[PDB]
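**Student:** Please work out how this folds:
(4 chains, ligands or ions: 12)
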Amino acid sequence: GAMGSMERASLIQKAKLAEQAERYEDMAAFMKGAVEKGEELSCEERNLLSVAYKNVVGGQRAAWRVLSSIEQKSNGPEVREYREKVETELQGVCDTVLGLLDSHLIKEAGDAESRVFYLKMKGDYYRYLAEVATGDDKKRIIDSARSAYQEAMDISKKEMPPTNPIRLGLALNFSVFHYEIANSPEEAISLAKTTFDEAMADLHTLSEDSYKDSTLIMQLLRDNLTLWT
Amino acid sequence: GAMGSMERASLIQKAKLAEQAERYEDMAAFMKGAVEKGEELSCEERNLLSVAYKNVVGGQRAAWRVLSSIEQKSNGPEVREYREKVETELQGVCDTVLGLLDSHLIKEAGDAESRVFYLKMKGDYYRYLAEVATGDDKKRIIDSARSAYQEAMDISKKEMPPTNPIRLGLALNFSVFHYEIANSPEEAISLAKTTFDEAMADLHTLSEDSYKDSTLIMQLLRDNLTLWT
Amino acid sequence: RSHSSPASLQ
Amino acid sequence: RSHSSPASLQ
Ligand SMILES: Nc1ccc(Oc2ncc(Cl)cc2Cl)cc1
Ligand SMILES: Nc1ccc(Oc2ncc(Cl)cc2Cl)cc1
Ligand SMILES: [Ca+2]
Ligand SMILES: [Ca+2]
Ligand SMILES: [Cl-]
Ligand SMILES: [Cl-]
Ligand SMILES: [Cl-]
Ligand SMILES: [Cl-]
Ligand SMILES: [Mg+2]
Ligand SMILES: [Mg+2]
Ligand SMILES: [Mg+2]
Ligand SMILES: [Mg+2]
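**Tutor:** Numbers count the residues shown, from 1 in each chain, chains lettered A, B, ... in the order given. Ligands and ions are numbered 1, 2, ... in the order given. For reference, the structure is listed below:
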């Protein structure tokens, strides 16, 4: 694309500058350009990719929720049209991320940390699609999210310790999927509780810095359990 | 443009929805479409136009300041390139606003409230251009801002009471121009002080709601005077 | 930085 | 709404 002429290292450098400037659309375009160079991404680079697109889609999700609430309260064409416009842009971003994962980040990811991170992302972006889905493919979108999360869970349980932040963030997001998308609050609670308890029992193995990383995610599990019970 | 096929009333309605959703780029595109219908804007519509573009350029200004600070501290091409990219987009937004004012909002604005509001906007967007200007036209950009603000000031002093919020916001912004752009802190202080004092002496004529509108802007004058002295 | 006017003015 | 993961994970 438009980033094809820029050096990979320059794209990464500019992604970091865009982050500092809170220019997340730019950040995502730079990281898409970096992915399209065809090389695998390092851990730091995978995190930059995720930060960029999560912030872009986050603004779209927040706007969609505002507009959907207005639309539901109203029930001319303008509210529906504008909600649809935001929805379509949101779906486009999700399709873009899913396309990067399919071409060819996931298939080249052999190490647990990369493969789980990308499969979790695949689940997340199908989950964002599911939040707005209403048609004959809502069930299939939900199943796609579930399938990606499940593959990531299976690998994470075999290959990562229970405190690994990627494993924790995956389990957290799969629990949110169960509660918010799949009409499965009991599964959500069970997953969050077992994840929390098994992480707590493994904290003793960690350095101070890793402890901080793991307990930050554990706090989110606890917060959700408080909300859900 | 792309909004040419949408009804004026629909563009205004969608601008208000975009505001609620904090989608300021959309809001600005809708209001540009509304201006391009060729009819004069009401007071509420002028405020929507300003809110939209002020938020767009505000994000660009904040990002430009981050990047410029990084660039100055560094003193490869990437920081300069990316600062230039943001700068060019910022200049494009300012040129767009100035173009709407020149074609043909200002020339059709005969009432003091509309004409002063638009001339103030013209000064503001030249001021935003001046914040990033460094070339052989910096002096001319500064003069363009000064000239617009001065014409607005002359009309406001003849046609509006000293508490009028447009008159107050104009005087506030012209004082900022003097302090931050024109290397004229004494003029800035003098203007802010006289503006504040003359507004204070006219508050007794106002209803409770108008009093609130005027004192909100007066507080900004006071805050600046505290910062500047 | 100095404070400037809000966008919306009545 | 429920809390989901931060984007950056170590
Ligand atoms: N079987 C079960 C018991 C109690 C539960 O409630 C919580 N459990 C752990 C935390 Cl950290 C917080 C809460 Cl609210 C959930 C499941
Ligand atoms: N001649 C002059 C005297 C005092 C000044 O200082 C202030 N004047 C008014 C306010 Cl509201 C606040 C301050 Cl700090 C400025 C100018
Ligand atoms: Ca139960
Ligand atoms: Ca002096
Ligand atoms: Cl629309
Ligand atoms: Cl999958
Ligand atoms: Cl660039
Ligand atoms: Cl002028
Ligand atoms: Mg190269
Ligand atoms: Mg309507
Ligand atoms: Mg019409
Ligand atoms: Mg470099």
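
**Student:** top helix in chain A by residue count?
**Tutor:** In chain A, taking DSSP state H as the definition, the longest helix is helix A:43-74.

**Student:** Show me what the helix or strand following it is packed up against.
**Tutor:** Downstream of helix A:43-74, the first helix or strand assigned by DSSP states H and E is helix A:78-100. If contacts are counted by 3 or more C-beta pairs under 8 Å, 6 or more residues apart in numbering or on different chains; DSSP states H and E, helix A:78-100 sits against helix A:24-35, helix A:43-74, helix A:112-132, helix B:8-20. Backbone N, C-alpha and C define where each C-beta goes, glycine included.

**Student:** ok, the last one near ligand 5 or not?
**Tutor:** No - between helix B:8-20 and ligand 5, judged by C-beta under 5 Å from the ion, nothing touches; the nearest distance is 5.6 Å.

**Student:** quick one: buried residues of that helix?
**Tutor:** By neighbour count with 16 or more other C-beta atoms under 10 Å in any protein chain shown, helix B:8-20 contains the buried residues B:8, B:10-15, B:17-19.

**Student:** Tabulate the residues you listed (CSV), appending distance to residue B:148.
**Tutor:** CSV is the format used below for those (distance: C-beta to C-beta, whole Å):
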residue, distance to residue B:148
B:8, 27
B:10, 32
B:11, 26
B:12, 26
B:13, 31
B:14, 29
B:15, 24
B:17, 31
B:18, 27
B:19, 26
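
**Student:** End to end on stretch A:176-186, go ahead and measure it.
**Tutor:** Using C-alpha to C-alpha, to the nearest Å, the end-to-end distance of stretch A:176-186 comes to 11 Å.

**Student:** And for stretch A:130-148?
**Tutor:** By C-alpha to C-alpha, the extent of stretch A:130-148 from end to end equals 13 Å.

**Student:** do the same with stretch A:200-207
**Tutor:** End residues of stretch A:200-207 are separated by 14 Å (C-alpha to C-alpha).

**Student:** Buried residues, it. List them.
**Tutor:** Quick answer for stretch A:200-207 (16+ other C-beta under 10 Å): residue A:206.

**Student:** ok, back up a step: kindly reformat the buried residues of helix B:8-20 as JSON lines containing distance to ligand 1.
**Tutor:** Listed next are the buried residues of helix B:8-20 as JSON lines, based on distance: C-beta to the nearest ligand atom, whole Å:
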{"residue": "B:8", "distance to ligand 1": "53"}
{"residue": "B:10", "distance to ligand 1": "48"}
{"residue": "B:11", "distance to ligand 1": "49"}
{"residue": "B:12", "distance to ligand 1": "48"}
{"residue": "B:13", "distance to ligand 1": "44"}
{"residue": "B:14", "distance to ligand 1": "43"}
{"residue": "B:15", "distance to ligand 1": "44"}
{"residue": "B:17", "distance to ligand 1": "38"}
{"residue": "B:18", "distance to ligand 1": "39"}
{"residue": "B:19", "distance to ligand 1": "39"}
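
**Student:** Can you name the residues that contact residue 2?
**Tutor:** No chain was given, so I picked chain A. By C-beta atoms under 8 Å, 6 or more residues apart in numbering or on different chains, residue A:2 lies in contact with A:29, A:33.

**Student:** switch to chain C, that's the one I care about
**Tutor:** Residues near residue C:2 by C-beta under 8 Å, 6+ apart: B:175-176, B:179-180, B:224, B:227-228.

**Student:** List the contacts of stretch A:109-122.
**Tutor:** By C-beta under 8 Å, 6+ apart, stretch A:109-122 touches A:40-41, A:43, A:46, A:50, A:97-98, A:101, A:105-106, A:144-145, A:148-149, A:151-152, A:155-156, A:159-160, A:164, A:166-167, A:169-170, A:173, D:5, D:9.

**Student:** Check stretch A:182-201 too.
**Tutor:** Residues contacting stretch A:182-201 (C-beta under 8 Å, 6+ apart): A:142, A:146, A:162-163, A:168, A:171-172, A:174-179, A:214, A:217-218, A:221-222, A:224-225, A:228-229.

**Student:** 7 Å instead?
**Tutor:** Stretch A:182-201 is touched from outside by A:142, A:146, A:162-163, A:168, A:171, A:174-175, A:178-179, A:214, A:218, A:221-222, A:224-225, A:228-229, with contacts defined as C-beta atoms under 7 Å, 6 or more residues apart in numbering or on different chains.

**Student:** What about residue A:85, how many residues nearby?
**Tutor:** Neighbours of residue A:85 under the rule other C-beta atoms under 10 Å in any protein chain shown: 16.

**Student:** ah, wrong one, I meant residue A:53
**Tutor:** 26.

**Student:** what's the spacing between the spatially closest residue to residue A:108 that is not a sequence neighbour and residue A:28?
**Tutor:** Leaving aside its sequence neighbours, residue A:108 sits nearest to residue A:40 (C-beta to C-beta, 6 or more residues apart in numbering or on different chains; 5.7 Å). Note on residue A:40: its distance to residue A:28, by C-beta to C-beta, to the nearest Å, is 19 Å.

**Student:** the more surrounded of the two?
**Tutor:** More crowded of residue A:40 and residue A:28, by other C-beta under 10 Å: residue A:28, with 25 against 14.

**Student:** Contacts only, for the closest residue in space to the more buried one that isn't next to it in sequence.
**Tutor:** Of all residues not flanking residue A:28 in the chain, residue A:52 sits nearest, at 3.8 Å (C-beta to C-beta, 6+ apart). Applying C-beta under 7 Å, 6+ apart, we find residue A:52 in contact with A:15, A:24, A:27-28, A:31.

**Student:** As CSV, the helices and strands packed on helix A:78-100 with distance to ligand 8 would be great.
**Tutor:** Output for these, formatted as CSV (distance: least, C-beta to the ion, whole Å):
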stretch, distance to ligand 8
helix A:24-35, 33
helix A:43-74, 36
helix A:112-132, 46
helix B:8-20, 26
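
**Student:** between those, which one is nearest to ligand 12?
**Tutor:** For ligand 12, the closest of the helices and strands packed on helix A:78-100 is helix A:24-35, at 13.1 Å, according to C-beta to the ion.

**Student:** so how far is that closest one from its chain's centroid?
**Tutor:** Using C-alpha atoms, centre = their mean, to the nearest Å, the mean C-alpha position of helix A:24-35 is found 16 Å from that of the whole chain.

**Student:** List of residues touching that helix?
**Tutor:** Contacts of helix A:24-35 (C-beta under 7 Å, 6+ apart): A:1, A:3, A:6, A:8, A:11-12, A:14-15, A:18-19, A:41, A:45, A:48-49, A:52-53, A:55-56, A:96, A:100, A:105.

**Student:** now stretch A:59-79
**Tutor:** In contact with stretch A:59-79 (C-beta under 7 Å, 6+ apart) are residues A:80, A:82-83, A:86-87, A:89-90, A:93, A:128, A:131-132, B:10, B:13-14, B:17, B:20-23.

**Student:** Understood, closing this out.
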